[PDB]
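Student: After the structure tokens below, expect a handful of questions from me.
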Amino acid sequence: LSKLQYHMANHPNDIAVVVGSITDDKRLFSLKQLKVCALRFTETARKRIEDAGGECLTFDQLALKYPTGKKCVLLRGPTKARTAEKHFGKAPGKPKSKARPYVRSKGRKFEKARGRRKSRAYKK
Amino acid sequence: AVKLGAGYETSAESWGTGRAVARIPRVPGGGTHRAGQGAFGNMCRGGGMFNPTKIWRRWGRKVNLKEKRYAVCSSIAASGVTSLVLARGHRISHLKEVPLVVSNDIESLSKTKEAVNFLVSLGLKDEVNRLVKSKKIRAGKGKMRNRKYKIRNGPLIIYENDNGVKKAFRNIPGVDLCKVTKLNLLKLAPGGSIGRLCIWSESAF
Amino acid sequence: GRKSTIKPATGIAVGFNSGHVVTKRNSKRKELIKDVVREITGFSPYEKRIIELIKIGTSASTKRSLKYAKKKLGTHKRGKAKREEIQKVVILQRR
Amino acid sequence: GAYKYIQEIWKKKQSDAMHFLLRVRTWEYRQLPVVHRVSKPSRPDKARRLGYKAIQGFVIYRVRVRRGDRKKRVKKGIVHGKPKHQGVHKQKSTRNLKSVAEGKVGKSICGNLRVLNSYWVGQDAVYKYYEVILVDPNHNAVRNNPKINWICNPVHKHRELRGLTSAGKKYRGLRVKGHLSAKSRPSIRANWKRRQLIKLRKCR
Amino acid sequence: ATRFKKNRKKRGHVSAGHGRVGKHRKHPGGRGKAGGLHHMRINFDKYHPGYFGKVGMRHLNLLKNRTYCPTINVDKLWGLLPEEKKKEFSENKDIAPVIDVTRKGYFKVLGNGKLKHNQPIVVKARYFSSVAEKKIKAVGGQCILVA
Amino acid sequence: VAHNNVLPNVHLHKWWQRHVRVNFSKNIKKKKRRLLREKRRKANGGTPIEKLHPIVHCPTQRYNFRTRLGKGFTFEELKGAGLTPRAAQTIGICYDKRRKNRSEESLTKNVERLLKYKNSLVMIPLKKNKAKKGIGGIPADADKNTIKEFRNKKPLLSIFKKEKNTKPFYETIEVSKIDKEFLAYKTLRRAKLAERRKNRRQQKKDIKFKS
RNA sequence: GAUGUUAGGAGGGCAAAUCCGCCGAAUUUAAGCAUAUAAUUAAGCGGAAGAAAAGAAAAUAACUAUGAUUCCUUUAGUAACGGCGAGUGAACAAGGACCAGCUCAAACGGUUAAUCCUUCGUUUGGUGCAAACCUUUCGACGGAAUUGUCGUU
RNA sequence: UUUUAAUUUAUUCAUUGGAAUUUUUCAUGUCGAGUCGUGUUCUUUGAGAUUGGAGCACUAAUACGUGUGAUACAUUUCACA
RNA sequence: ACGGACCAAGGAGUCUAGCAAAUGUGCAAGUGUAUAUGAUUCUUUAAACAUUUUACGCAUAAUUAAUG
RNA sequence: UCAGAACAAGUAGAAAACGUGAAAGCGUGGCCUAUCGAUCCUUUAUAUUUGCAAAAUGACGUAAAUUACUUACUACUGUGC
Ligand SMILES: [Mg+2]
Ligand SMILES: [Mg+2]
Ligand SMILES: [Mg+2]
Ligand SMILES: [Mg+2]
Ligand SMILES: [Mg+2]
Ligand SMILES: [Mg+2]
Ligand SMILES: [Mg+2]
Ligand SMILES: [Mg+2]
Ligand SMILES: [Mg+2]
Ligand SMILES: [Mg+2]
Ligand SMILES: [Mg+2]
Ligand SMILES: [Mg+2]
Ligand SMILES: [Mg+2]
Ligand SMILES: [Mg+2]
Ligand SMILES: [Mg+2]
Ligand SMILES: [Mg+2]
Ligand SMILES: [Mg+2]
Ligand SMILES: [Mg+2]
Ligand SMILES: [Mg+2]
Ligand SMILES: [Mg+2]
Ligand SMILES: [Mg+2]
Ligand SMILES: [Mg+2]
Ligand SMILES: [Mg+2]
């Protein structure tokens, strides 16, 4: 919701459309009068929107209203913010890679010695 | 599950190479036909089956409570919708309203005959007839395992309290009974097919 | 880690008497027997040796005695205790 | 008071008087047969402190056990496996000599009786001598008396052979409660089994 | 289910998908973690950098309880109140909420994010981070150590 | 091992197949248990299977705040209630020889609970009719009609379950009542710093006391 | 102390899935192997019961503290161990099932062992068609026991 | 048929004996030794200057004691047993 | 080069554990009702239903050998 | 070299502090291309960094205070590991 709000900030009244789910944000305090199309609203988010005196539109409704998407704004949520994606890219082992190793757990006992500190052979 | 050491109860060992016989483990000794025979191993008569079935196969599946609830709701909705019900196979062409609701007098019915009569009056005569017809002896080996008859699935009577419905509709072929509180998706959507014909008491509704 | 029984606990998670608010709520025969035993049995050889060492009188001697006790009994506490007992006995004898 | 006094006397053990007694007694025992009945406890107080009572069915048996380790049983000294397991000669048994003592009396010699307990009595370098307190569970004097009666039950056949006597409890490590003994409690083997156990869940 | 397993798709293909020359043998590379540090060193290096060797102090009896401290960021603190109550608080600058953060199952208050300006908030918790405390104060609130 | 996967950690190098228990018995076992408990209840005509337990605070810094049923009531609490241990045992209440009271408040709470329980409970006579007063703790035996009435009413099992949380967590405070000068982090860190030395002094104090 | 075909009794063998003691490998894994691993497993020997074992704190905590054992969910593949390699790996707390506590020894009672048992009996009952059982308290004649039975806690 | 709940009827008279709390005096008792423990060996453990066990040697203290508080030690608190 | 005299039937990537990726599905700063309880649940029912008139997991914060 | 991992050997710098030169500069060894070594363990250096798991050990240090389980405040706090 916060992200949605941020995106709507400059152009008001026009209708944010989001092809996925919109989740609510406890970290928001105030909610503006938002008009949002989405595939799914988590219930609390929906409630919040309602309270704001906003509108939750489904895709069919949007189509009915704005079939050429006039005064719409496509938005995406954070795609590569997924935890799976943090294991991708250059493998941890290759230098300057910020890829999480697949490890049982965290703590000194797990993947924090040889090849992770200059003191034990090398680093990264 | 197959019993643990099935096919492996023998002492068999392979004779090895220089006898002009494949090197499958052989039963030792003499006198019997069994002597010298291929012993354990999936290929052999009297062998163990390949990956013998074990009790620790995953039998059940956890399904998310929420998902289950959703499924139940959807089945209820389906039962609502006439077309869906029709598709599901019921002879419902002579029933007016398909969220089919009936007075609480039904919950007190004492006699299967009476229930049958009521059903007929409703319009489900045809359905009843179909149900009667469609008790047939299964194809295959089900026959040997207490699955002798195969019966088509009739209406589902949903009731708030049993003052007789349980017992009266018990014994009409294919007719099932469920308390509104404890709705079973297995009954609402047999074979995972949406839109069973549900007959509700008004209290239940 | 440590606390005090007097005073309530400072309403803090960590540090000295840290914790919650809550108001706190809180022979002769033997001797005779021992004497009898002594009369009967006397001492055991190690004990005797220790006594002798003690009698010798000096700090070095005492140290030696202590060491001996440690060797025999095992553990410094027990040995110390034994030494103390022997000293007491010696004192008694002297009276 | 008397028993207190004798307790105190026996605590001394290396003191002259006690020492002499021990010397005599162990010498005497060296001569008698390995397991043999005695009429009265040699350490009445100690017997009392265990389970002993002067009821008809209670008997004391003096038993002698060889001291020391038991050579690993193998035809000739040689063991055929990996070096870790190769040694004989410094192989110390899981059971106590006391346990062994009680075992030998309890098992074939007094199969009729039930071993209650056992106490130390004496030792030489060759042998340790224990007196083991046993009870006849069929003697009515024992059957009737509600305290003690318990031993008449069939669950207590050959307590000594299952490590259920005090000595048994010791070497099973049930004497030590706590974090020191977490791994052995319902029984070591049982505990192990439990820890191994894979619980699946039909639903899963 | 078996019917949509790949092996069923390879049914009549001779090698069952495991290749004709390089066969399918049982445990060709060694068993389990096996030659990590010898013939499987490279894999370990490239996917499991810090795997070999030990580091740091032993901690012979841990007791994860002693050291348990679920955290929350100040940003999330106002979220811990219901919508209507929050609105009420916003309306009345004259009165502030105390928040027993322990009652909601968090011990430490950390300081990630903004707090609504001027809206003063009283925070009860066991631990505060300097920054979180500063944030709270700047907003005219108090941090009250609880236990 | 191959590719980028977790390093495998599967403890199955022993003869694991020997001890796999699959719980086909779960629901049926539960049902059986239920049946057994019902039977027990029936046997104890009217009286409750369940025994009174004191609420207690869980140990360790992390469960500190939570409260749950302990075993057994502590001699002191019994005394407060006006009750003998044996007597308590005989009724529906658990006794715990080894539990001790540090907190007055806690003790008070449990004696309150005990009192409540006492108030609730009505005692069937031992030999019929003959109504006599109890021993040490136990209340009096009621007459027949009263007993009948009680039976006719529902047997309450609210006391045997723990009292749920009081709640708060949101409480209004007046802005003028806030103390804007109280460095909480500073207090913490300072406290941490000063711990050892306070420890040094406490020990000294203790030593002094010991003479 | 021996001795008895003395009077009365007991043990022995079978069976084992779970169970309790010992005793005790190696294949195997480590791409070799020697410590490790397999495994406190298999085999061996002994011993019980409808369950066994455990069990009423020389316990855990460091809290606002809990409170016998067992078992389940978890803690946790964690602390830790380990040619720190392969691999092994608990405990407390938390949530439940179930919940039960106790008696010897020691202290005390000598204006008296009050205890206990064997044999022989005696005479009210209860169910049974009988067979048997069930209990009822009363003595004797024996012994046992002051190197300690019983009561009191 | 099995038992085990509820319900129904107990009322008179005898006295030996015991129990709980409650006052008030006086008693500060007793609390398991070749055992614990240490050393050393071997085993077992996740237990790490040794987790349990065992063999051997040495061998204690009395409740103000001794035993736990997962790093060997000393000096000493404290908590728990 | 090897295997195949012929024919019939049997005859070989499976099942569990835990991890990952992919994709579907639910809900989403949460999620999973775990054991267990409860029900007017009892051929099917060993499922289904329910969750007491701040359990735990994984995630929501990282980092340090560590006090932190 | 190459997986564009490591080690090793270099190239280019930066922050210190110096050397040399009058200076500009040059110097992070040998005019350049070889002369060499992971984990674990050991070892000795370094440090206003920590720990040994209920606590303490510099130190009742410095102030107060009264005899006591007093109140503040201190970067420097045992051996061993
Ligand atoms: Mg077969
Ligand atoms: Mg067919
Ligand atoms: Mg051995
Ligand atoms: Mg192909
Ligand atoms: Mg091939
Ligand atoms: Mg090839
Ligand atoms: Mg036998
Ligand atoms: Mg190998
Ligand atoms: Mg190999
Ligand atoms: Mg080999
Ligand atoms: Mg076996
Ligand atoms: Mg038992
Ligand atoms: Mg467990
Ligand atoms: Mg985990
Ligand atoms: Mg192991
Ligand atoms: Mg004691
Ligand atoms: Mg081992
Ligand atoms: Mg601890
Ligand atoms: Mg050829
Ligand atoms: Mg060939
Ligand atoms: Mg051929
Ligand atoms: Mg052929
Ligand atoms: Mg997925």
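Every chain in the structure tokens takes a letter, A first, then B, and so on in the order presented; its residues are numbered from 1, and the ligands are numbered from 1 following the presented order.
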So which residues are near ligand 9, meaning at most 12 Å away with only C-alpha atoms (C1' of nucleotides) and all ligand atoms counted, given back as a list in words?
Tutor: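 Taking only C-alpha atoms (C1' of nucleotides) and all ligand atoms into account, the residues around ligand 9 at most 12 Å away are residues 26, 27, 28, 29, 30, 31, 34 and 35 of chain E; 28, 29, 30, 31, 32 and 33 of chain G.
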Student: Mind listing as a ChimeraX atom specification which residues of chain E are within 7 Å of chain I, counting only C-alpha atoms (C1' of nucleotides)?
Tutor: /E:7,55-57,103-105
Student: At a cut-off of 9 Å, using only C-alpha atoms (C1' of nucleotides), what residues contact residue 51 of chain I? Leave out same-chain residues fewer than 2 positions from it and give the result as a list in words.
Tutor: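 Within the cut-off, the hits are residues 33, 37 and 38 of chain I.
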Student: Using C-alpha atoms (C1' of nucleotides), can you write the selected residues to a file as a PDB file, in the first residue's frame?
Tutor:
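Contents of the output file out-v8.pdb:
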```pdb
ATOM      1  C1'   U I  33      -4.105 -25.179  14.141  1.00  0.00           C
ATOM      2  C1'   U I  37      -8.743 -30.930  22.856  1.00  0.00           C
ATOM      3  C1'   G I  38     -14.173 -30.231  21.404  1.00  0.00           C
TER       4        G I  38
END
```
Student: Enumerate residues in contact with ligand 17: an atom-to-atom distance of at most 9 Å, counting only C-alpha atoms (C1' of nucleotides) and all ligand atoms. Format the result as a ChimeraX atom specification.
Tutor: /G:36,39-40 /H:43-45
Student: 12 Å from ligand 11 is the threshold here; counting only C-alpha atoms (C1' of nucleotides) and all ligand atoms, which polymer residues fall inside it? Answer as a list in words.
Tutor: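 Sorted by chain and then by number, the residues are residues 16, 22, 23, 24, 41, 42, 43, 44, 45 and 46 of chain G.
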Student: Suppose we keep N, CA and C atoms (P, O5', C5', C4', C3', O3' and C1' of nucleotides); can you now write the selection as a PDB file, in the first residue's frame?
Tutor:
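Result file is again_28.pdb:
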```pdb
ATOM      1  P     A G  16       9.479 -67.591  19.624  1.00  0.00           P
ATOM      2  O5'   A G  16       9.589 -66.146  20.273  1.00  0.00           O
ATOM      3  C5'   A G  16       8.434 -65.302  20.338  1.00  0.00           C
ATOM      4  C4'   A G  16       8.803 -63.963  20.917  1.00  0.00           C
ATOM      5  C3'   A G  16      10.090 -63.322  20.380  1.00  0.00           C
ATOM      6  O3'   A G  16       9.744 -62.268  19.499  1.00  0.00           O
ATOM      7  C1'   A G  16       9.744 -62.921  22.713  1.00  0.00           C
ATOM      8  P     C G  22      24.155 -52.985  30.634  1.00  0.00           P
ATOM      9  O5'   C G  22      25.312 -53.882  30.007  1.00  0.00           O
ATOM     10  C5'   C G  22      26.414 -54.321  30.820  1.00  0.00           C
ATOM     11  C4'   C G  22      26.477 -55.825  30.920  1.00  0.00           C
ATOM     12  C3'   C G  22      27.386 -56.489  29.906  1.00  0.00           C
ATOM     13  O3'   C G  22      28.755 -56.426  30.292  1.00  0.00           O
ATOM     14  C1'   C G  22      25.325 -57.635  29.962  1.00  0.00           C
ATOM     15  P     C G  23      29.819 -55.629  29.391  1.00  0.00           P
ATOM     16  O5'   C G  23      30.454 -56.747  28.451  1.00  0.00           O
ATOM     17  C5'   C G  23      30.355 -58.159  28.727  1.00  0.00           C
ATOM     18  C4'   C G  23      30.130 -58.930  27.445  1.00  0.00           C
ATOM     19  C3'   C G  23      30.670 -58.303  26.172  1.00  0.00           C
ATOM     20  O3'   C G  23      32.067 -58.524  26.062  1.00  0.00           O
ATOM     21  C1'   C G  23      28.482 -59.062  25.785  1.00  0.00           C
ATOM     22  P     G G  24      33.004 -57.389  25.452  1.00  0.00           P
ATOM     23  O5'   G G  24      32.540 -57.328  23.931  1.00  0.00           O
ATOM     24  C5'   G G  24      32.634 -58.486  23.077  1.00  0.00           C
ATOM     25  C4'   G G  24      31.838 -58.286  21.810  1.00  0.00           C
ATOM     26  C3'   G G  24      32.123 -57.008  21.043  1.00  0.00           C
ATOM     27  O3'   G G  24      33.347 -57.011  20.325  1.00  0.00           O
ATOM     28  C1'   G G  24      29.800 -57.269  21.218  1.00  0.00           C
ATOM     29  P     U G  41      23.194 -51.238  21.031  1.00  0.00           P
ATOM     30  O5'   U G  41      22.538 -51.797  19.697  1.00  0.00           O
ATOM     31  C5'   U G  41      21.790 -50.918  18.846  1.00  0.00           C
ATOM     32  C4'   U G  41      21.812 -51.410  17.422  1.00  0.00           C
ATOM     33  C3'   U G  41      21.906 -52.915  17.223  1.00  0.00           C
ATOM     34  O3'   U G  41      20.616 -53.512  17.326  1.00  0.00           O
ATOM     35  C1'   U G  41      23.548 -51.870  15.908  1.00  0.00           C
ATOM     36  P     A G  42      20.476 -55.063  17.692  1.00  0.00           P
ATOM     37  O5'   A G  42      21.244 -55.777  16.497  1.00  0.00           O
ATOM     38  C5'   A G  42      20.636 -55.947  15.210  1.00  0.00           C
ATOM     39  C4'   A G  42      21.379 -57.006  14.442  1.00  0.00           C
ATOM     40  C3'   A G  42      21.599 -58.330  15.167  1.00  0.00           C
ATOM     41  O3'   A G  42      20.453 -59.180  15.140  1.00  0.00           O
ATOM     42  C1'   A G  42      23.625 -57.633  14.203  1.00  0.00           C
ATOM     43  P     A G  43      20.008 -59.992  16.456  1.00  0.00           P
ATOM     44  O5'   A G  43      21.132 -61.111  16.568  1.00  0.00           O
ATOM     45  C5'   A G  43      21.360 -62.012  15.478  1.00  0.00           C
ATOM     46  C4'   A G  43      22.708 -62.669  15.622  1.00  0.00           C
ATOM     47  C3'   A G  43      23.013 -63.326  16.962  1.00  0.00           C
ATOM     48  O3'   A G  43      22.327 -64.562  17.127  1.00  0.00           O
ATOM     49  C1'   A G  43      24.857 -62.031  16.326  1.00  0.00           C
ATOM     50  P     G G  44      21.607 -64.887  18.516  1.00  0.00           P
ATOM     51  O5'   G G  44      22.830 -65.072  19.510  1.00  0.00           O
ATOM     52  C5'   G G  44      23.822 -66.064  19.245  1.00  0.00           C
ATOM     53  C4'   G G  44      24.895 -66.004  20.296  1.00  0.00           C
ATOM     54  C3'   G G  44      24.427 -66.058  21.740  1.00  0.00           C
ATOM     55  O3'   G G  44      24.168 -67.418  22.088  1.00  0.00           O
ATOM     56  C1'   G G  44      25.906 -64.251  21.489  1.00  0.00           C
ATOM     57  P     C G  45      22.801 -67.834  22.826  1.00  0.00           P
ATOM     58  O5'   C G  45      23.090 -67.442  24.337  1.00  0.00           O
ATOM     59  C5'   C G  45      24.347 -67.799  24.931  1.00  0.00           C
ATOM     60  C4'   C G  45      24.547 -67.059  26.229  1.00  0.00           C
ATOM     61  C3'   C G  45      23.318 -66.887  27.100  1.00  0.00           C
ATOM     62  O3'   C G  45      23.017 -68.063  27.827  1.00  0.00           O
ATOM     63  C1'   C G  45      24.426 -64.841  26.953  1.00  0.00           C
ATOM     64  P     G G  46      21.504 -68.476  28.035  1.00  0.00           P
ATOM     65  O5'   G G  46      20.957 -67.332  28.994  1.00  0.00           O
ATOM     66  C5'   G G  46      21.075 -67.511  30.407  1.00  0.00           C
ATOM     67  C4'   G G  46      21.069 -66.193  31.138  1.00  0.00           C
ATOM     68  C3'   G G  46      19.709 -65.657  31.525  1.00  0.00           C
ATOM     69  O3'   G G  46      19.120 -66.459  32.536  1.00  0.00           O
ATOM     70  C1'   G G  46      20.997 -63.892  30.704  1.00  0.00           C
TER      71        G G  46
END
```
Student: Ligand 13: which residues are within 9 Å, counting only C-alpha atoms (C1' of nucleotides) and all ligand atoms? Reply as a VMD selection string.
Tutor: (chain D and resid 194 to 195) or (chain G and resid 71 to 75)
Student: Those same residues, written as a PDB file, in the first residue's frame with N, CA, C and O atoms (P, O5', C5', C4', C3', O3' and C1' of nucleotides)?
Tutor:
```pdb
ATOM      1  N   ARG D 194      14.445 -43.991  21.200  1.00  0.00           N
ATOM      2  CA  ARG D 194      13.582 -42.814  21.118  1.00  0.00           C
ATOM      3  C   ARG D 194      14.217 -41.750  20.240  1.00  0.00           C
ATOM      4  O   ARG D 194      13.563 -41.155  19.372  1.00  0.00           O
ATOM      5  N   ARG D 195      15.497 -41.530  20.476  1.00  0.00           N
ATOM      6  CA  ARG D 195      16.195 -40.499  19.744  1.00  0.00           C
ATOM      7  C   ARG D 195      16.275 -40.866  18.254  1.00  0.00           C
ATOM      8  O   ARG D 195      16.090 -40.004  17.404  1.00  0.00           O
TER       9      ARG D 195
ATOM     10  P     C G  71      10.216 -41.339  27.265  1.00  0.00           P
ATOM     11  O5'   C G  71       9.011 -41.037  26.270  1.00  0.00           O
ATOM     12  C5'   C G  71       8.171 -42.110  25.796  1.00  0.00           C
ATOM     13  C4'   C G  71       6.832 -41.586  25.329  1.00  0.00           C
ATOM     14  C3'   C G  71       6.847 -40.369  24.422  1.00  0.00           C
ATOM     15  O3'   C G  71       7.189 -40.707  23.085  1.00  0.00           O
ATOM     16  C1'   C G  71       5.187 -40.082  26.058  1.00  0.00           C
ATOM     17  P     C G  72       8.114 -39.738  22.212  1.00  0.00           P
ATOM     18  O5'   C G  72       7.059 -38.813  21.459  1.00  0.00           O
ATOM     19  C5'   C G  72       5.910 -39.377  20.800  1.00  0.00           C
ATOM     20  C4'   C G  72       4.791 -38.365  20.692  1.00  0.00           C
ATOM     21  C3'   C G  72       5.148 -37.003  20.121  1.00  0.00           C
ATOM     22  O3'   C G  72       5.289 -37.015  18.705  1.00  0.00           O
ATOM     23  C1'   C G  72       3.835 -36.695  22.038  1.00  0.00           C
ATOM     24  P     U G  73       6.535 -36.274  18.015  1.00  0.00           P
ATOM     25  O5'   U G  73       6.091 -34.746  18.004  1.00  0.00           O
ATOM     26  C5'   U G  73       4.843 -34.353  17.405  1.00  0.00           C
ATOM     27  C4'   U G  73       4.567 -32.893  17.664  1.00  0.00           C
ATOM     28  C3'   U G  73       5.726 -31.937  17.447  1.00  0.00           C
ATOM     29  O3'   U G  73       5.915 -31.587  16.086  1.00  0.00           O
ATOM     30  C1'   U G  73       4.687 -31.434  19.497  1.00  0.00           C
ATOM     31  P     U G  74       7.385 -31.590  15.483  1.00  0.00           P
ATOM     32  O5'   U G  74       8.188 -30.649  16.485  1.00  0.00           O
ATOM     33  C5'   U G  74       8.462 -29.279  16.154  1.00  0.00           C
ATOM     34  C4'   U G  74       8.686 -28.454  17.402  1.00  0.00           C
ATOM     35  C3'   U G  74      10.120 -28.045  17.672  1.00  0.00           C
ATOM     36  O3'   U G  74      10.566 -27.024  16.775  1.00  0.00           O
ATOM     37  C1'   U G  74       9.075 -28.706  19.703  1.00  0.00           C
ATOM     38  P     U G  75      12.077 -27.041  16.214  1.00  0.00           P
ATOM     39  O5'   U G  75      12.928 -26.540  17.464  1.00  0.00           O
ATOM     40  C5'   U G  75      12.614 -25.318  18.159  1.00  0.00           C
ATOM     41  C4'   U G  75      13.234 -25.330  19.537  1.00  0.00           C
ATOM     42  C3'   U G  75      14.732 -25.564  19.584  1.00  0.00           C
ATOM     43  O3'   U G  75      15.410 -24.335  19.383  1.00  0.00           O
ATOM     44  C1'   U G  75      13.676 -26.934  21.190  1.00  0.00           C
TER      45        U G  75
END
```
Student: When you get a sec, could you note down which chain I residues fall within 9 Å of chain B, using only C-alpha atoms (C1' of nucleotides), as a list in words?
Tutor: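 That gives the following set of residues: residues 10, 11, 12, 14, 15, 16, 25, 26, 27, 32, 33, 40, 47, 48, 49 and 50 of chain I.
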Student: Please, which residues have at least one atom within 12 Å of an atom of ligand 19, using only C-alpha atoms (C1' of nucleotides) and all ligand atoms, listed as an MDAnalysis selection string?
Tutor: chainID I and resid 1:3
Student: Identify, on the basis of only C-alpha atoms (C1' of nucleotides), every residue whose closest approach to segment 129-133 of chain B does not exceed 7 Å; exclude the query and any residue fewer than 5 positions from it along the same chain; express the result as a PDB file with C-alpha atoms, in the first residue's frame.
Tutor:
```
ATOM      1  CA  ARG B 152     -24.602 -42.916  -8.591  1.00  0.00           C
ATOM      2  CA  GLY B 154     -28.046 -38.447  -5.559  1.00  0.00           C
ATOM      3  CA  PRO B 173     -29.744 -45.204  -2.769  1.00  0.00           C
ATOM      4  CA  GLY B 174     -27.259 -42.354  -3.351  1.00  0.00           C
TER       5      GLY B 174
END
```
Student: 10 Å from ligand 15 is the threshold here; counting only C-alpha atoms (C1' of nucleotides) and all ligand atoms, which polymer residues fall inside it? Answer as a ChimeraX atom specification.
Tutor: /D:192 /F:14 /G:37-40,87-89 /H:45-46
Student: Using only C-alpha atoms (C1' of nucleotides) for the distances, tell me which of G:98, G:104, G:139, G:128 is nearest to residue 148 of chain D.
Tutor: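 Nearest candidate to residue 148 of chain D out of G:98, G:104, G:139, G:128: G:104.
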Student: Give me, as JSON lines, the closest atom pair and its distance (Å, one decimal) for every residue of chain J within a cut-off of 12 Å of chain A, counting only C-alpha atoms (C1' of nucleotides), rows sorted by chain and rising number.
Tutor:
```
{"residue": "J:3", "atom": "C1'", "partner": "A:94", "partner_atom": "CA", "distance": 9.0}
{"residue": "J:4", "atom": "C1'", "partner": "A:94", "partner_atom": "CA", "distance": 9.6}
{"residue": "J:5", "atom": "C1'", "partner": "A:94", "partner_atom": "CA", "distance": 6.4}
{"residue": "J:6", "atom": "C1'", "partner": "A:122", "partner_atom": "CA", "distance": 7.2}
{"residue": "J:7", "atom": "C1'", "partner": "A:121", "partner_atom": "CA", "distance": 8.3}
{"residue": "J:37", "atom": "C1'", "partner": "A:121", "partner_atom": "CA", "distance": 10.9}
{"residue": "J:38", "atom": "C1'", "partner": "A:121", "partner_atom": "CA", "distance": 6.2}
{"residue": "J:39", "atom": "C1'", "partner": "A:114", "partner_atom": "CA", "distance": 7.1}
{"residue": "J:40", "atom": "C1'", "partner": "A:120", "partner_atom": "CA", "distance": 11.0}
```
